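Reproduced below: run12.txt, with compact mmCIF, C-alpha atoms and all ligand atoms.
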```txt
# COMPACT_ATOMS: atom_id res chain seq x y z
CA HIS A 15 77.51 124.14 99.05
CA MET A 16 80.54 125.20 101.12
CA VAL A 17 83.68 123.16 101.78
CA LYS A 18 86.28 124.15 104.39
CA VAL A 19 89.87 123.29 103.59
CA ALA A 20 93.12 123.78 105.46
CA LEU A 21 96.59 124.00 103.90
CA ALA A 22 99.23 122.21 106.01
CA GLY A 23 102.93 121.83 105.31
CA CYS A 24 106.54 122.34 106.36
CA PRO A 25 107.93 125.88 106.19
CA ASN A 26 109.17 126.87 102.73
CA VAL A 27 107.62 124.11 100.68
CA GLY A 28 105.50 126.44 98.53
CA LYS A 29 102.29 126.78 100.56
CA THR A 30 101.92 130.53 100.13
CA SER A 31 102.42 130.28 96.38
CA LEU A 32 99.85 127.51 96.09
CA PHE A 33 97.45 129.44 98.36
CA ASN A 34 97.77 132.55 96.17
CA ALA A 35 97.33 130.52 92.96
CA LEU A 36 94.16 128.87 94.26
CA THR A 37 92.58 131.97 95.77
CA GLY A 38 93.88 134.84 93.61
CA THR A 39 92.86 138.22 95.05
CA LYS A 40 89.98 136.63 96.99
CA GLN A 41 91.91 136.38 100.25
CA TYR A 42 91.75 138.12 103.60
CA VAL A 43 93.90 138.89 106.64
CA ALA A 44 92.92 138.25 110.25
CA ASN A 45 94.40 136.96 113.49
CA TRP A 46 94.22 133.53 115.04
CA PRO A 47 92.43 133.77 118.40
CA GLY A 48 94.63 134.78 121.33
CA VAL A 49 97.83 135.31 119.32
CA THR A 50 99.31 137.91 116.94
CA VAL A 51 100.12 135.28 114.28
CA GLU A 52 98.41 136.22 111.01
CA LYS A 53 95.58 133.99 109.82
CA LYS A 54 95.23 133.81 106.04
CA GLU A 55 91.90 132.78 104.54
CA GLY A 56 90.84 132.76 100.92
CA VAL A 57 87.90 131.78 98.78
CA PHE A 58 87.42 130.24 95.37
CA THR A 59 84.49 128.70 93.54
CA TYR A 60 84.42 125.43 91.67
CA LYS A 61 81.40 124.05 89.82
CA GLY A 62 79.04 125.88 92.17
CA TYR A 63 80.81 124.71 95.30
CA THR A 64 82.44 127.42 97.36
CA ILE A 65 85.75 126.55 99.00
CA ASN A 66 87.05 128.40 102.04
CA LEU A 67 90.81 127.92 102.22
CA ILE A 68 92.78 128.45 105.39
CA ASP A 69 96.58 128.54 105.19
CA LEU A 70 98.04 127.09 108.41
CA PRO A 71 101.34 128.24 109.90
CA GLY A 72 104.24 126.20 108.51
CA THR A 73 105.19 123.23 110.72
CA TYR A 74 108.19 120.89 110.36
CA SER A 75 106.34 118.50 112.67
CA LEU A 76 103.17 118.51 114.70
CA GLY A 77 104.42 118.64 118.25
CA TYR A 78 102.98 121.11 120.72
CA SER A 79 105.72 123.49 121.83
CA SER A 80 106.09 126.34 119.31
CA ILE A 81 103.19 128.75 118.83
CA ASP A 82 103.00 127.87 115.13
CA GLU A 83 102.64 124.16 115.80
CA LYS A 84 100.09 124.80 118.57
CA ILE A 85 97.97 126.89 116.19
CA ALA A 86 98.22 124.44 113.30
CA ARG A 87 97.74 121.33 115.36
CA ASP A 88 94.82 122.75 117.36
CA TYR A 89 93.09 123.58 114.08
CA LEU A 90 93.81 120.13 112.59
CA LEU A 91 92.54 118.29 115.64
CA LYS A 92 89.86 120.57 117.04
CA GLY A 93 88.87 122.80 114.09
CA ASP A 94 86.10 122.58 111.50
CA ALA A 95 87.89 121.78 108.22
CA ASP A 96 86.21 119.23 105.95
CA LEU A 97 89.59 118.17 104.63
CA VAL A 98 93.24 119.09 104.64
CA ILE A 99 95.71 119.53 101.82
CA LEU A 100 99.20 118.47 102.84
CA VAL A 101 101.53 120.56 100.67
CA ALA A 102 104.80 118.68 100.07
CA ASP A 103 108.11 119.65 98.42
CA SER A 104 108.36 117.15 95.54
CA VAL A 105 112.14 117.61 95.32
CA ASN A 106 112.98 116.78 98.94
CA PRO A 107 109.84 114.97 100.12
CA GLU A 108 111.10 113.22 103.28
CA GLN A 109 110.06 115.69 105.97
CA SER A 110 106.79 116.48 104.18
CA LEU A 111 105.84 112.77 104.15
CA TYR A 112 106.71 112.41 107.83
CA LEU A 113 104.34 115.32 108.54
CA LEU A 114 101.69 113.61 106.42
CA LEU A 115 101.90 110.39 108.45
CA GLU A 116 101.30 112.46 111.59
CA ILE A 117 98.12 113.85 110.05
CA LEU A 118 96.98 110.44 108.82
CA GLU A 119 97.27 109.07 112.37
CA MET A 120 94.88 111.81 113.52
CA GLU A 121 92.38 110.21 111.15
CA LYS A 122 91.61 113.36 109.13
CA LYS A 123 90.75 113.45 105.41
CA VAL A 124 93.79 114.66 103.47
CA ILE A 125 94.85 115.29 99.89
CA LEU A 126 98.60 115.17 99.18
CA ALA A 127 99.70 118.04 96.94
CA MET A 128 103.22 117.35 95.68
CA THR A 129 104.17 120.86 94.65
CA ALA A 130 107.18 122.26 92.76
CA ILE A 131 106.73 119.30 90.42
CA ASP A 132 108.38 121.44 87.73
CA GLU A 133 111.65 121.37 89.66
CA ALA A 134 111.29 117.60 90.08
CA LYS A 135 110.91 117.14 86.32
CA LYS A 136 113.74 119.59 85.61
CA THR A 137 116.11 117.70 87.90
CA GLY A 138 115.30 114.39 86.23
CA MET A 139 113.16 112.96 89.02
CA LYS A 140 110.61 110.24 88.31
CA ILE A 141 107.68 110.21 90.71
CA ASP A 142 104.98 107.56 90.42
CA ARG A 143 101.74 109.18 91.55
CA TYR A 144 99.87 105.88 91.78
CA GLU A 145 102.59 104.30 93.96
CA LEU A 146 102.16 107.26 96.32
CA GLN A 147 98.39 106.77 96.51
CA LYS A 148 98.97 103.07 97.17
CA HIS A 149 101.33 103.50 100.14
CA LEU A 150 99.56 106.53 101.58
CA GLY A 151 95.94 105.63 100.84
CA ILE A 152 94.87 109.16 99.82
CA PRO A 153 94.44 111.24 96.65
CA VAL A 154 97.73 112.65 95.31
CA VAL A 155 97.98 115.63 92.96
CA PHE A 156 101.17 116.95 91.37
CA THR A 157 101.17 120.76 91.42
CA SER A 158 103.34 123.69 90.31
CA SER A 159 102.75 127.35 91.12
CA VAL A 160 105.36 128.12 88.46
CA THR A 161 103.73 126.26 85.55
CA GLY A 162 100.16 125.98 86.78
CA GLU A 163 100.30 122.20 86.58
CA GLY A 164 97.67 120.47 88.70
CA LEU A 165 95.97 123.56 90.12
CA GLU A 166 92.64 122.88 88.45
CA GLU A 167 92.78 119.15 89.13
CA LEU A 168 93.46 119.94 92.79
CA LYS A 169 90.28 122.03 92.84
CA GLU A 170 88.35 119.17 91.26
CA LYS A 171 89.84 116.74 93.78
CA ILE A 172 88.86 119.04 96.68
CA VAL A 173 85.15 118.97 95.77
CA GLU A 174 85.22 115.34 94.63
CA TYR A 175 86.98 113.93 97.67
CA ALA A 176 84.96 116.16 99.99
CA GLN A 177 81.84 114.50 98.54
CA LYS A 178 83.36 111.00 98.85
CA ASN A 179 82.43 109.96 102.37
CA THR A 180 81.50 106.34 101.68
CA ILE A 181 85.05 104.97 101.38
CA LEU A 182 87.32 105.89 104.31
CA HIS A 183 91.10 105.87 104.71
CA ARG A 184 92.74 104.04 107.57
CA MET A 185 96.41 104.14 108.51
CA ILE A 186 97.82 101.87 111.21
CA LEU A 187 101.61 101.90 111.29
CA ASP A 188 102.84 98.81 113.17
CA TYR A 189 105.25 100.00 115.87
CA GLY A 190 106.41 96.56 117.01
CA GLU A 191 105.14 94.15 119.65
CA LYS A 192 106.22 96.30 122.60
CA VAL A 193 104.84 99.69 121.58
CA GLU A 194 101.68 98.04 120.23
CA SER A 195 101.10 96.34 123.61
CA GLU A 196 101.37 99.68 125.42
CA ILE A 197 99.02 101.30 122.91
CA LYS A 198 96.55 98.49 123.63
CA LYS A 199 96.89 99.14 127.38
CA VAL A 200 96.17 102.84 126.85
CA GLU A 201 93.23 102.31 124.52
CA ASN A 202 91.69 99.81 126.94
CA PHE A 203 92.10 102.38 129.72
CA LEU A 204 90.46 105.18 127.70
CA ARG A 205 87.80 102.85 126.28
CA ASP A 206 85.00 104.34 128.39
CA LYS A 207 86.21 107.95 128.18
CA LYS A 208 84.94 110.74 125.94
CA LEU A 209 88.05 111.38 123.84
CA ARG A 210 87.48 114.08 121.23
CA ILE A 211 90.55 112.56 119.55
CA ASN A 212 91.45 109.21 117.96
CA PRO A 213 92.54 106.94 120.90
CA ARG A 214 95.46 105.35 118.97
CA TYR A 215 96.75 108.84 118.20
CA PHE A 216 96.13 109.86 121.81
CA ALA A 217 98.13 106.83 123.04
CA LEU A 218 101.07 107.51 120.71
CA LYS A 219 101.49 111.14 121.83
CA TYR A 220 101.05 110.12 125.48
CA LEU A 221 103.73 107.42 125.35
CA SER A 222 106.14 109.76 123.55
CA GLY A 223 105.70 112.61 126.02
CA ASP A 224 103.78 115.10 123.88
CA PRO A 225 103.20 118.27 126.00
CA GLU A 226 99.45 118.14 125.47
CA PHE A 227 98.68 114.46 125.48
CA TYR A 228 101.19 113.09 127.96
CA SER A 229 99.80 115.65 130.41
CA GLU A 230 96.18 114.82 129.58
CA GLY A 231 96.84 111.09 129.72
CA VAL A 232 98.22 111.39 133.23
CA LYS A 233 95.20 113.54 134.12
CA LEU A 234 92.86 110.77 132.96
CA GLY A 235 94.75 108.39 135.25
CA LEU A 236 97.40 106.80 133.04
CA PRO A 237 100.78 106.04 134.66
CA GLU A 238 103.52 108.65 134.75
CA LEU A 239 106.47 107.90 132.49
CA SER A 240 110.14 108.56 133.23
CA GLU A 241 112.16 110.87 130.99
CA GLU A 242 113.87 107.74 129.66
CA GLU A 243 110.57 106.05 128.86
CA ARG A 244 109.22 109.07 126.96
CA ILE A 245 112.49 109.58 125.10
CA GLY A 246 112.50 105.89 124.19
CA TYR A 247 108.90 105.71 122.97
CA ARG A 248 109.38 108.91 121.02
CA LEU A 249 112.48 107.48 119.34
CA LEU A 250 110.88 104.14 118.43
CA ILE A 251 107.83 105.86 116.95
CA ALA A 252 109.92 108.34 114.97
CA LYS A 253 112.20 105.56 113.68
CA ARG A 254 109.23 103.52 112.45
CA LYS A 255 107.75 106.53 110.65
CA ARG A 256 111.12 107.29 109.07
CA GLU A 257 111.41 103.68 107.91
CA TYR A 258 107.94 103.77 106.34
CA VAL A 259 108.73 107.05 104.55
CA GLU A 260 112.02 105.65 103.23
CA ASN A 261 110.13 102.69 101.83
CA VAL A 262 107.55 104.98 100.20
CA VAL A 263 110.30 107.00 98.57
CA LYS A 264 112.08 103.82 97.46
CA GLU A 265 108.92 102.56 95.74
CA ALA A 266 107.56 105.79 94.25
CA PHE A 267 110.68 107.82 93.32
CA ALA A 268 113.10 106.85 90.53
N1 LIG A 301 110.10 125.63 91.07
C1 LIG A 301 109.07 125.94 91.88
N2 LIG A 301 109.29 126.80 92.91
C2 LIG A 301 108.30 127.15 93.77
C3 LIG A 301 106.96 126.58 93.57
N3 LIG A 301 106.16 127.06 94.53
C4 LIG A 301 106.93 127.89 95.29
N4 LIG A 301 108.19 127.95 94.82
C5 LIG A 301 109.32 128.72 95.41
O1 LIG A 301 109.59 128.16 96.70
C6 LIG A 301 109.89 129.19 97.65
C7 LIG A 301 108.94 129.13 98.83
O2 LIG A 301 107.60 129.30 98.36
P1 LIG A 301 106.48 129.87 99.34
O3 LIG A 301 105.13 129.87 98.64
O4 LIG A 301 106.82 131.24 99.89
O5 LIG A 301 106.52 128.70 100.46
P2 LIG A 301 105.91 128.71 101.95
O6 LIG A 301 106.99 129.12 102.92
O7 LIG A 301 105.55 127.27 102.23
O8 LIG A 301 104.69 129.58 102.15
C8 LIG A 301 109.73 130.50 96.92
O9 LIG A 301 111.03 130.88 96.49
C9 LIG A 301 108.95 130.17 95.67
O10 LIG A 301 109.38 131.00 94.60
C10 LIG A 301 106.79 125.65 92.43
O11 LIG A 301 105.67 125.13 92.25
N5 LIG A 301 107.85 125.39 91.66
```

Encoded form using structure tokens:
Amino acid sequence: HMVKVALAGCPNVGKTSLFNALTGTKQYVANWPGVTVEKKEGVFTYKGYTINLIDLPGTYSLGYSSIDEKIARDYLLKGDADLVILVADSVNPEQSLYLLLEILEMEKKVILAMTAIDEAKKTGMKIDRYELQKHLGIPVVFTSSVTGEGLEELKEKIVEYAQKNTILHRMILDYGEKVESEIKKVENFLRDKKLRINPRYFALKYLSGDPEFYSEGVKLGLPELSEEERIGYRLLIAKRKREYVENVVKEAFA
């Protein structure tokens, strides 16, 4: 019984440390196809399940311009992982949570690993794990590569949540009447197409001028957008995500 897992996260949040802690010496070097960027893969067993762990290049966000974000995003959207672990810096969680929302809009299964929880405790931070699960709709595990906190529970959660396919997660962030109308237009236009991607996600990246999806959207016959229109959609979407994240932090962090 094999489970394929990807580690996603911003640069310098503690992904490598968590990767090492989970896999030990059972890891291997290789290259991603077509680039020189190192691909790290590791293996660990848990209750007779065998987990293959891929560490993705660090990404502040999941655009499509830098080679690291191309690699990571292509894997997330087009790859074969059964679930993803979003590794977040517990101490300064804002950018990590923004990255998470991006993944949730792709409609992939994700576990939130709030790592460096030892530095959170040390600095007097109070993080409500159940408030996080409530606003994010996914399993949350507090981890520390320094203390070992949560490592085993994360392994348990990986096999448990990989086997839980009856109850699904759904995020729909309301972007306001205007952006929602345009999303509706785009979904209705792609309704009879063979999108290998979530249409709401497709529409969002198209409106905001994503290099991949804006270009593909136009290909499929959607209207071209001015620089001002793309800049404006991108800003509105970003602002709404930031607002949601600020509310999550408000509710879950004391
Ligand atoms: N306090 C604390 N520090 C950590 C933890 N995990 C990683 N670090 C430190 O955070 C820095 C970045 O960690 P690293 O694994 O290289 O992050 P990466 O860039 O995401 O691969 C390093 O200095 C680590 O020593 C943790 O759980 N607790």

Check which residues fall inside 10 Å of ligand LIG 301 (chain A) when counting all atoms listed in the file, and print them as a short mmCIF file (atom, residue, chain, number, x, y, z; two decimals) with C-alpha atoms, in the coordinates of the input.
```
data_model
loop_
_atom_site.label_atom_id
_atom_site.label_comp_id
_atom_site.auth_asym_id
_atom_site.auth_seq_id
_atom_site.Cartn_x
_atom_site.Cartn_y
_atom_site.Cartn_z
CA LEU A 21 96.59 124.00 103.90
CA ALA A 22 99.23 122.21 106.01
CA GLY A 23 102.93 121.83 105.31
CA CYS A 24 106.54 122.34 106.36
CA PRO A 25 107.93 125.88 106.19
CA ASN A 26 109.17 126.87 102.73
CA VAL A 27 107.62 124.11 100.68
CA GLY A 28 105.50 126.44 98.53
CA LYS A 29 102.29 126.78 100.56
CA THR A 30 101.92 130.53 100.13
CA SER A 31 102.42 130.28 96.38
CA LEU A 32 99.85 127.51 96.09
CA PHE A 33 97.45 129.44 98.36
CA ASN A 34 97.77 132.55 96.17
CA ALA A 35 97.33 130.52 92.96
CA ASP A 69 96.58 128.54 105.19
CA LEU A 70 98.04 127.09 108.41
CA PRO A 71 101.34 128.24 109.90
CA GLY A 72 104.24 126.20 108.51
CA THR A 73 105.19 123.23 110.72
CA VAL A 101 101.53 120.56 100.67
CA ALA A 102 104.80 118.68 100.07
CA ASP A 103 108.11 119.65 98.42
CA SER A 104 108.36 117.15 95.54
CA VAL A 105 112.14 117.61 95.32
CA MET A 128 103.22 117.35 95.68
CA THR A 129 104.17 120.86 94.65
CA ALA A 130 107.18 122.26 92.76
CA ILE A 131 106.73 119.30 90.42
CA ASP A 132 108.38 121.44 87.73
CA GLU A 133 111.65 121.37 89.66
CA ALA A 134 111.29 117.60 90.08
CA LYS A 135 110.91 117.14 86.32
CA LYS A 136 113.74 119.59 85.61
CA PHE A 156 101.17 116.95 91.37
CA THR A 157 101.17 120.76 91.42
CA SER A 158 103.34 123.69 90.31
CA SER A 159 102.75 127.35 91.12
CA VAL A 160 105.36 128.12 88.46
CA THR A 161 103.73 126.26 85.55
CA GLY A 162 100.16 125.98 86.78
CA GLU A 163 100.30 122.20 86.58
CA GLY A 164 97.67 120.47 88.70
#
```

Give me the residues within 12 Å of residue 234 of chain A as a list in words, counting all atoms listed in the file and dropping any in the same chain fewer than 2 places off.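 Residues near the query, excluding close chain neighbours: residues 200, 201, 203, 204, 205, 206, 207, 208, 209, 216, 217, 220, 227, 228, 229, 230, 231, 232, 236, 237 and 238 of chain A.
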
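Atom CA of residue 177 of chain A sits 23.6 Å away from atom CA of residue 40 of chain A.
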
Separation of atom CA of residue 225 of chain A from atom CA of residue 114 of chain A, in Å and rounded to one decimal: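 These atoms are spaced 20.2 Å apart.
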
re atom CA of residue 38 of chain A and atom CA of residue 86 of chain A: distance 22.7 Å

Residues near residue 123 of chain A, cut-off 8 Å, only C-alpha atoms, skip fewer than 4 positions along chain, as a PDB file with C-alpha atoms, keeping the file's coordinate frame:
```
ATOM      1  CA  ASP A  96      86.210 119.230 105.950  1.00  0.00           C
ATOM      2  CA  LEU A  97      89.590 118.170 104.630  1.00  0.00           C
ATOM      3  CA  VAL A  98      93.240 119.090 104.640  1.00  0.00           C
ATOM      4  CA  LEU A 118      96.980 110.440 108.820  1.00  0.00           C
ATOM      5  CA  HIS A 183      91.100 105.870 104.710  1.00  0.00           C
TER       6      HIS A 183
END
```

Sel. within 10 Å of pt (111.3, 107.3, 96.8), counting only C-alpha atoms, output as a list in words: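 Checked against the point, the hits come out as residues 106, 107, 108, 139, 140, 141, 142, 145, 146, 259, 260, 261, 262, 263, 264, 265, 266, 267 and 268 of chain A.
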
Within 12 Å of segment 78-84 of chain A, which residues of segment 29-56 of chain A come that close, and what is the closest atom pair and distance in Å for each? Count only C-alpha atoms and give it as CSV.
```
residue,atom,partner,partner_atom,distance
A:46,CA,A:82,CA,10.4
A:47,CA,A:84,CA,11.8
A:48,CA,A:81,CA,10.8
A:49,CA,A:81,CA,8.5
A:50,CA,A:81,CA,10.1
A:51,CA,A:82,CA,8.0
A:52,CA,A:82,CA,10.4
A:53,CA,A:82,CA,11.0
```

Contact residues around residue 190 of chain A with all atoms listed in the file at 12 Å, ignoring same-chain residues under 2 positions, as JSON, numbers by chain: {"A": [186, 187, 188, 192, 193, 194, 195, 196, 197, 247, 250, 251, 253, 254, 255]}

May I have the residues from that selection written out with C-alpha atoms, as a PDB file, in the coordinates of the input?
```pdb
ATOM      1  CA  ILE A 186      97.820 101.870 111.210  1.00  0.00           C
ATOM      2  CA  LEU A 187     101.610 101.900 111.290  1.00  0.00           C
ATOM      3  CA  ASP A 188     102.840  98.810 113.170  1.00  0.00           C
ATOM      4  CA  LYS A 192     106.220  96.300 122.600  1.00  0.00           C
ATOM      5  CA  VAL A 193     104.840  99.690 121.580  1.00  0.00           C
ATOM      6  CA  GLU A 194     101.680  98.040 120.230  1.00  0.00           C
ATOM      7  CA  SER A 195     101.100  96.340 123.610  1.00  0.00           C
ATOM      8  CA  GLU A 196     101.370  99.680 125.420  1.00  0.00           C
ATOM      9  CA  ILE A 197      99.020 101.300 122.910  1.00  0.00           C
ATOM     10  CA  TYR A 247     108.900 105.710 122.970  1.00  0.00           C
ATOM     11  CA  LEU A 250     110.880 104.140 118.430  1.00  0.00           C
ATOM     12  CA  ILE A 251     107.830 105.860 116.950  1.00  0.00           C
ATOM     13  CA  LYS A 253     112.200 105.560 113.680  1.00  0.00           C
ATOM     14  CA  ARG A 254     109.230 103.520 112.450  1.00  0.00           C
ATOM     15  CA  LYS A 255     107.750 106.530 110.650  1.00  0.00           C
TER      16      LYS A 255
END
```

Which residue out of A:178, A:184, A:149, A:143 has the minimum interatomic distance to residue 117 of chain A when only C-alpha atoms are used?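 Using only C-alpha atoms, residue 117 of chain A sits closest to A:184.
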
Go through A:148, A:210, A:18, A:199 one by one, measure the shortest atom-to-atom distance of each to residue 92 of chain A using only C-alpha atoms, and give the residue with the smallest value.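 Going through A:148, A:210, A:18, A:199 one by one, the smallest distance to residue 92 of chain A is for A:210.
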
What lies within 10 Å of residue 19 of chain A using all atoms listed in the file, ignoring chain neighbours under 4 positions off, as a ChimeraX atom specification? /A:55-57,65-69,94-99,124,172,176

Take the selection from the previous step and output its residues with C-alpha atoms, as a PDB file, in the coordinates of the input.
```pdb
ATOM      1  CA  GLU A  55      91.900 132.780 104.540  1.00  0.00           C
ATOM      2  CA  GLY A  56      90.840 132.760 100.920  1.00  0.00           C
ATOM      3  CA  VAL A  57      87.900 131.780  98.780  1.00  0.00           C
ATOM      4  CA  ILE A  65      85.750 126.550  99.000  1.00  0.00           C
ATOM      5  CA  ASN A  66      87.050 128.400 102.040  1.00  0.00           C
ATOM      6  CA  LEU A  67      90.810 127.920 102.220  1.00  0.00           C
ATOM      7  CA  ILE A  68      92.780 128.450 105.390  1.00  0.00           C
ATOM      8  CA  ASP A  69      96.580 128.540 105.190  1.00  0.00           C
ATOM      9  CA  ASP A  94      86.100 122.580 111.500  1.00  0.00           C
ATOM     10  CA  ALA A  95      87.890 121.780 108.220  1.00  0.00           C
ATOM     11  CA  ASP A  96      86.210 119.230 105.950  1.00  0.00           C
ATOM     12  CA  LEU A  97      89.590 118.170 104.630  1.00  0.00           C
ATOM     13  CA  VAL A  98      93.240 119.090 104.640  1.00  0.00           C
ATOM     14  CA  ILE A  99      95.710 119.530 101.820  1.00  0.00           C
ATOM     15  CA  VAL A 124      93.790 114.660 103.470  1.00  0.00           C
ATOM     16  CA  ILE A 172      88.860 119.040  96.680  1.00  0.00           C
ATOM     17  CA  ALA A 176      84.960 116.160  99.990  1.00  0.00           C
TER      18      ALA A 176
END
```

Min atom-atom distance to residue 62 of chain A from the set A:256, A:153, A:15, A:116, counting only C-alpha atoms, belongs to A:15

Best match for closeness to residue 242 of chain A among A:221, A:154, A:181, A:43, counting only C-alpha atoms: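 Checking each candidate against residue 242 of chain A, we get A:221 as the closest.
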
Given the choices A:120, A:150, A:125, A:111, which gets closest to residue 20 of chain A if the distance is worked out from all atoms listed in the file?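 The closest residue to residue 20 of chain A is A:125.
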
A:185, A:245, A:211, A:218 ranked by distance to residue 93 of chain A, top pick (using all atoms listed in the file): A:211
